[PDB]
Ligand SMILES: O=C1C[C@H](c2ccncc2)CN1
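Before any questions on how it binds or moves, here is one chain, the form deposited without (4R)-4-pyridin-4-ylpyrrolidin-2-one, in structure tokens.
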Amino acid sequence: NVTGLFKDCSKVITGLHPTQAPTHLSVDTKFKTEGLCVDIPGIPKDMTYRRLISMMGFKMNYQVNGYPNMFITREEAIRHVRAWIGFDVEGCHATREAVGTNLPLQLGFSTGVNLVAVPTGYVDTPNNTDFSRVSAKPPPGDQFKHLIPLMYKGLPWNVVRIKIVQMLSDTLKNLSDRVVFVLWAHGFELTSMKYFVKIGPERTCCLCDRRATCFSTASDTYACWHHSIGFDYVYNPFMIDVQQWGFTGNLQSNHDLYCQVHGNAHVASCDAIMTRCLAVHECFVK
């Protein structure tokens, strides 16, 4: 059966050649027979194309020795409360040369900050995958009127991930040796993390013996929250999903069960605050 991860979001009816397709499912039907594929010299391989590949549907259930889990139990989250950062992402929609996947528009945090990124995605070409800006539009509903202006307001992803690393470092430097991203219905937040998170075995900061907590692509090096200066990638974060603790309604509905001081000007940071707020109430009351 199928999965939505890496869904081909092009509008082309056809594609792909046996040599250019990443997977058997994405071969054009002309080349399929007897459950296999066949080379047909007279059909040229497409040496121009740009196919948007969906990053929705990631699953982080790997179990490899040396590599730590991103998703952690509530108790592990309890022990690292000071590392908690609520995180929400409002998104936009692929719309011109593609349709059927969502792209990060505005990322928000428990720290009141909100950042907004240019709509960019992962586009397959005849030679490689091209990380690039792509056409997009706001979610249709009248409830999403406030992201109309955000479409114009920023910001290249190489800049966005510089600012994310700097904001968490300046927040977490004197509080913990890690992040715990506090999510609510985590799928799209996990998709955004592809844009600014690397993972591997545990590492130590060059310049330190402290746990490595950021990564730099300028040179393949690692750092702690204090020495992550100019770094662009968050390395081996941790995260929890409040919704997986049993909650019927939506985020605001379930938060307002405990707390009545967090109103909601519908900003991404406002959701991330209610996400962290509701996790504290659930975890430590009674």
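Residues that one form lacks are left out of the comparison. Basically, rigid core = biggest C-alpha set you can superpose within 1.5 Å across the two forms. Residues carry their position along the shown sequence, with the first being 1.
The same protein also has a form deposited with (4R)-4-pyridin-4-ylpyrrolidin-2-one bound, omitted here; what follows describes it.
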If contact means a heavy atom within 4.5 Å, which one of 80-88, 194-202, 212-220, 133-141 is the stretch that engages (4R)-4-pyridin-4-ylpyrrolidin-2-one in the entry with it bound? 80-88
May I ask whether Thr111, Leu175 and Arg276 all come within 4.5 angstroms of (4R)-4-pyridin-4-ylpyrrolidin-2-one in the entry with it bound, judged by heavy atoms? yes
Within 4.5 Å of (4R)-4-pyridin-4-ylpyrrolidin-2-one in the entry with it bound, heavy atoms considered, which of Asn102, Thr171, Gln106, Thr120? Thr171
After core alignment, residue runs (3 or more) whose Cα moves 2 Å or more between this form and the one not shown: 284-286
